[PDB]
Each structure stands twice: as C-alpha cells, then as structure tokens.
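Structure first, commentary second.
Quick reminder, even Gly has a Cβ in these numbers, built from the backbone with ideal geometry, and neighbours come from all protein chains shown. Computed from the coordinates by the stated procedures, all read-outs in this text should not be read as laboratory data.
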Amino acid sequence: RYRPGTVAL
Amino acid sequence: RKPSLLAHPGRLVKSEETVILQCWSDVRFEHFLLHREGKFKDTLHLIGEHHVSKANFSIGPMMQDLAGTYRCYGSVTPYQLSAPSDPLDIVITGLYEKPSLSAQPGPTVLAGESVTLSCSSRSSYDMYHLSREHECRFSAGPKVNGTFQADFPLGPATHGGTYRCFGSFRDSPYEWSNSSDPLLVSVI
Amino acid sequence: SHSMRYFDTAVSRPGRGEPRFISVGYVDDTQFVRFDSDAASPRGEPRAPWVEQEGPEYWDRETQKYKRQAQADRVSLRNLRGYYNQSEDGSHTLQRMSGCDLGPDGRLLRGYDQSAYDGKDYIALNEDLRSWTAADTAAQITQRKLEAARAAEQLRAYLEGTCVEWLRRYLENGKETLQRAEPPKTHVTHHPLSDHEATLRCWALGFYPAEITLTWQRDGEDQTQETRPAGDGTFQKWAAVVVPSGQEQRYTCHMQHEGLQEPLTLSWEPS
Amino acid sequence: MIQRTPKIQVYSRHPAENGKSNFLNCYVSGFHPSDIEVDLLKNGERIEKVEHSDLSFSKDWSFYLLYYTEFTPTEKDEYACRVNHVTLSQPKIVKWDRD
C-alpha cells in the first residue's frame, strides 16, 4: 500500500 | 461589535484530532464565518443559532496545514460582516519525538522553594514551549552530549500542576512535537 | 523483477491557492492507483480491475493517507519556498519517489524514498533505510525536521515489511493481469539515411510486459546492443541498426520475449 | 529552476490501415516543469474531445504524459500534435508519420 503519512519537509 | 471565539477543549491540538472553535455573540447574527491566517489561509461559512447567538466550527482532523491564527466574523443574510474577534492561535502538536521534562531540584518541593523545568531532546529543536499550571516559550542550547535543552526558571511563578513541554522549529512556530511525559509538580 | 513504485508530484501556483497534488502507483509495469487533490471531491481512484476487489477500509485508509500527504506536500512547498527566499513570483515543483524492489526470495531487496525540488535532487533516504542525504543546507534543515520525526524508522518498517507483503498480495491477486504475458505484433521499417547508408527499425508493438530483447544480427553475430506506452497497458519498442544500403538481406532482427516460446527471426520484406 | 525540453512522439496503437478504428497517441517525455499545453489536431484545427494519462516522471525526475484519441486513418486526412512548453520559444506542431 501507500507510504505512511509523514511530516512536512 | 465583535464576536467571541474560543477553543474546545483547548488551543493546542494533537495530530489526527478534531477541535471545536466556538464563535458566539450577543448581536444575534444569522451568519458566521471563520478565517484562518497562516501558511495557507481559509474561510468557512456557517449558520448562527440562537441559544445568545453562536456557531460551533468543527476543525479537523488537525494537520500541519490547519494550524494558524483564527478570527471569526458575524453577519446578517449577501453578507454584512462584523469586526474581527480576538485572534486565536491554534497549534498542531504530536509531530516529532517528544522531549524530556526534568525538574530541579525535583518535581515536588518544599513550600517556599522554586523549581526549574528542563526540556531536553536528542532532536535538534530550536524552541521549547511549556504548559500549563500554555504560555512559556524559551530557546534551546546547542549541545551538551548531543542533546538540546531549554531551561524555564519558574522563580516566583511556581504553584504546581501538570506540566508538559514541546519542541518546535523556528520556520514553523505552530508545528510542535509530542507532549513530554507530563510531570506533576506539587508544593508539598 | 518485481517492484512497487509510487510517484508523487505537487506543483505550487504563484501566490495563494492550494498547490496541486497528484500521486500514482505502479506494480511492475501496470498503474493500479491514482489520487488527485484537485477533484470535485478528492479521493483515491483505482486504475485496474484487480484492486477494485479490495475492501472498503482499504480504500478508506488509502485515501486518508493520500490526503495527509497532500497537505504535507503543500506545507512542504511553503517551507521550501521560505528556505531560499523566493517571493510570490515563481511556480514550483516537488517530487517524491517511494518504492520497493523485491529480492529473489519473498523478502525485500531495495527500498527507495527520494525527494527532488524543482528538478534537482533535494533529500534522499539512504540505502540502509536509516540515514539521509541532503543536497544543500536547506535540505539539512529538512534533515533535522525529519530526524526529529523519526520518519526513517516508520519508513524502514514500511519498506521492510508492508511494501513487501502487499507486493506479494498484489502479485497473487493480479497474477491473471500482471504475471501473464502478451506477445508482440511485429513490423520492420526501412528509411534512407544517406547515399550509402540506410536505417532499419525492428518495431515490436502491443506487448506485455516491458522486458524484451531485440538484437540485430548481421549474418551470424550481434550488431546492436526506447519503449513507449501503446495506451492500453502494452508497450512499443523499436530496435534501430544502420546498414549499407543495398545489403539489408543479410541483417535479421532476432527477438526474445516472455510470451514467445522460440525467438523470432524477422528480415525486411518490403511487401 | 532548470528547464527541460520535451520530446514528442506522434504514433498510434496499431500500424494503421483504413477500415480499422485506431487511437492516435501523442506521447511527451523528458521535460520540466510539468506545465505543458498539449492538444492533438486533425487536418489543421484542434480536437476538443481528448483524454490523457496521469502524470508521472522518470529516474531523472523528468515528467512524461500521454494523450490519445479515437480516429480512422485516411489517405485524405493528416494528423499532428501541437505542444507548447516554457522551453519552447514557439508551439511546435509535429506531424503523424504513417510509420
């Protein structure tokens, strides 16, 4: 599935 | 007049969590709308309900693009908007490794003694913030043993309560880290 | 020869307004998902009939991930446009490639999470899935914000296991579409290049998958050694060779494909 | 802000013949930024009913996109694709080779 939700870069 | 904005349950918001910005006024506005200024601005239209008049704006699930400064406005019918309410700075937390919150000389102290709270993290946070006894803002020293630390000497303002503190970077003063392990200070 | 590749792009418009986000997913050679922030109501769309059989909570969870990453990328555009002091003049691009390549066994071989800003590489996850590489100091600020979030730990857990497990699950579910082959329909063209020169092209059209070996042979040995989407899920690859005009009877195009039991010999028959 | 010149390919699904409904594919690749104005045209003027693929990129971060439409290939009708990009000082129109 899709990558986990991560913080803003 | 101005409307009256407040937060439920609070002005700080964890990620994946919804808050209720309640905007109430005695003018009996039939329309309300809520504007966010920040990285990405927005407006929300809603209907006023006469309990006093009020609207309950449901924000969430909170994410980095929803934090910022909020101001609500009242209107009748078309629009005839009011003067802005007092701003309210909704903050997003729960995004980074939580700092540590130590106490000096200890959490509980004798009556007549001061306490200093220290927030330390291996993560390179610029600022640290302290609640609640949600106001204290200090900056962080660069390195000791690879850790970044901020010291809040509470001095004359030590009365006890549960204390949490967060790490933040300077480019994003609204994006905060996880809450530290909440430390209860008692004035034994 | 098995991979799950996700490609993400967010374009910031000049001034105010949500930067448009878009993300596509490929299993091997087939696109199977897509998301677009600028729909009338944005959600995660399938792109193949073998993921439609996935449950409601699957598409729900997927869509939620896509939304959170959308807002994260828009904020990223804001911060990045703040990291180099670039005013409202200028529309920007942000791209991220996140995928996994499976090994000869049922376990991970390679993990990718690359991020580029306006065309050039910006920050990348190191091959150990624990370190990072930054292109400049701004990407070092990003590196600090990312290490503070421990996204390398989350991601290492994603690539190691979740990407591999769901790769195996997509292969199994869609072995009637992915693990089947399509033989190529062939044709050979000839163009005059000069007085004594002529170019031959070995066109293989409408085939699946992409892995195909096209070799020109003069009498005997190799001579030589791209693809494009046919539009229905297949591809087209041509093999060029430059030969002396009036000598094209000798050169023959040999072709090996998965859907072909024996290789095909193909000479230029202008009929 | 590094600009990349797009490469255009005007082909079809199957080598054409008349009596065979075919798909005209205008495939652009290897460009940057992603903002590109592509529209196919038959016998001079634009086709207003066309759909395309979803945008992605390659391992050099260069984008690629594919437009396509239904048609029948005739000896009396020409086909071409019109592409405008920031790297182009002019909208380039590329004809459909029957090859």
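Annotation note: of C:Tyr6, C:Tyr26, the sole residue that is surrounded by 21 or more Cβ atoms within 10 Å (Cβ to Cβ), within 9 Å of another protein chain (Cβ to nearest Cβ) and not small (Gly, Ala, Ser) is C:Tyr6.
Conditions tested, residue by residue: (1) among the aliphatic types (A, V, I, L, M); (2) more than 9 Å from every other protein chain (Cβ to nearest Cβ); (3) out of contact with any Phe, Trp or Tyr (no Cβ under 6 Å at 6 or more places or on another chain).
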site: C:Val33; (1), (2), (3): yes, no, yes
site: C:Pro46; (1), (2), (3): no, yes, yes
site: C:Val51; (1), (2), (3): yes, yes, no
site: C:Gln69; (1), (2), (3): no, no, yes
site: C:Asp73; (1), (2), (3): no, no, no
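Quick grid of which residues meet (1) closer than 20 Å to C:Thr162 by Cβ; (2) in contact with a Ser or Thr (Cβ under 6 Å, 6 or more places away or on another chain); (3) surrounded by 18 or more Cβ atoms within 10 Å (Cβ to Cβ):
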{"position": "C:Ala40", "(1), (2), (3)": "no, no, no"}
{"position": "C:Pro46", "(1), (2), (3)": "yes, no, no"}
{"position": "C:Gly55", "(1), (2), (3)": "yes, no, no"}
{"position": "C:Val75", "(1), (2), (3)": "no, no, yes"}
{"position": "C:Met97", "(1), (2), (3)": "yes, no, yes"}
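Tally the residues that are under 26 Å from D:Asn25 (Cα atoms) and polar (S, T, N, Q), restricting the search to the range C:216-252.
Qualifying residue count for the region: 3.
Tally time: how many residues in the range D:31-49 are within 30 Å of C:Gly90 (Cβ to Cβ) and more than 9 Å from every other protein chain (Cβ to nearest Cβ)? Going through the range D:31-49 one residue at a time, the tally reaches 6. Hey, among the residues in the range C:9-21 that are within 12 Å of chain D (Cβ to nearest Cβ) and among the small types (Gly, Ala, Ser), which one's surrounded by the most Cβ atoms within 10 Å (Cβ to Cβ)? Here the answer is C:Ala10. Which residues, taken from the range B:25-60, are within 25 Å of B:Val91 (Cα to Cα) and of a type in the set (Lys, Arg)? Once the filter is applied, which keeps residues that are within 25 Å of B:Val91 (Cα to Cα) and of a type in the set (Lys, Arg), the range B:25-60 yields B:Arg36, B:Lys39, B:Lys41, B:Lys54. Output the residues belonging to the range C:213-243 that are surrounded by 13 or more Cβ atoms within 10 Å (Cβ to Cβ), of a type outside the set (S, T, N, Q) and more than 25 Å from D:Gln9 (Cβ to Cβ). C:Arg218, the sole residue that qualifies. Scanning the range C:92-131 for residues that are more than 17 Å from C:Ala72 (Cβ to Cβ), within 11 Å of another protein chain (Cβ to nearest Cβ) and not small (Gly, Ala, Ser) returns C:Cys100, C:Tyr112, C:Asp118, C:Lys120, C:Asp121. Here is the figure for the range D:50-89: residues that are facing chain C (nearest Cβ under 9 Å), among the polar types (S, T, N, Q), closer than 30 Å to D:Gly19 by Cβ and not in a loop (DSSP other than H, G, I, E, B) total 0.
Output yes when any residue across the range D:1-24 is away from every other protein chain (no Cβ under 14 Å) and assigned to a strand (DSSP E or B), and no when none is. Please lay out each step first, then the result.
Of all residues in the range D:1-24, those away from every other protein chain (no Cβ under 14 Å) come to D:18-19.
From the residues that got through so far, the ones that are assigned to a strand (DSSP E or B) too are none.
No, every residue in the range D:1-24 fails to be away from every other protein chain (no Cβ under 14 Å) and assigned to a strand (DSSP E or B).
Does the range B:95-103 include one or more residues that are part of a loop (DSSP other than H, G, I, E, B) and surrounded by fewer than 18 Cβ atoms within 10 Å (Cβ to Cβ)? Yes, the range B:95-103 contains at least one residue that is part of a loop (DSSP other than H, G, I, E, B) and surrounded by fewer than 18 Cβ atoms within 10 Å (Cβ to Cβ).
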